[PDB]
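J.: Structure in structure tokens, see below.
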């Protein structure tokens, strides 16, 4: 979970208990992208670079057998486990 996520979640609940629906639609989704896809930044991509190579190499060589490996959620988890 992200530093821009917990602050804005905090404001939408602190205003009113149902303002977690009412105070933020677009911002509730853009903070959800940070915990759904993570940032595209070079600083993260350098540390999980071996996963980031291997999960592209699944769809490079074996795109027809993605039940054996899939990218975006597996590649992300190996980043959050290191950085």
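Residue numbering for chain A follows Swiss-Prot, covering 11-93 in order.
A Cβ is built for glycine as well, from the same backbone N, Cα and C atoms used for every other residue.
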J.: Looking at the ranges 23-33, 34-44, which is given as motif 'Cx9C motif 2' in Swiss-Prot?
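T.: Of the candidate stretches, Swiss-Prot labels 34-44 as motif 'Cx9C motif 2'.
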J.: Among 47-57, 58-68, where does Swiss-Prot put the label motif 'Cx9C motif 3'?
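T.: Matching range for motif 'Cx9C motif 3': 58-68.
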J.: If we skip the immediate neighbours and take only residues 6+ beyond the ends of the motif 'Cx9C motif 1' (12-22), which ones have a Cβ under 8 Å from one of its Cβ atoms?
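T.: The answer is 29-30, 32-34, 37-38, 41-42, 44-45.
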J.: So, in DSSP terms, is residue 44 (disulfide bond) helix, strand, or coil?
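T.: Assignment for residue 44 (disulfide bond) reads helix.
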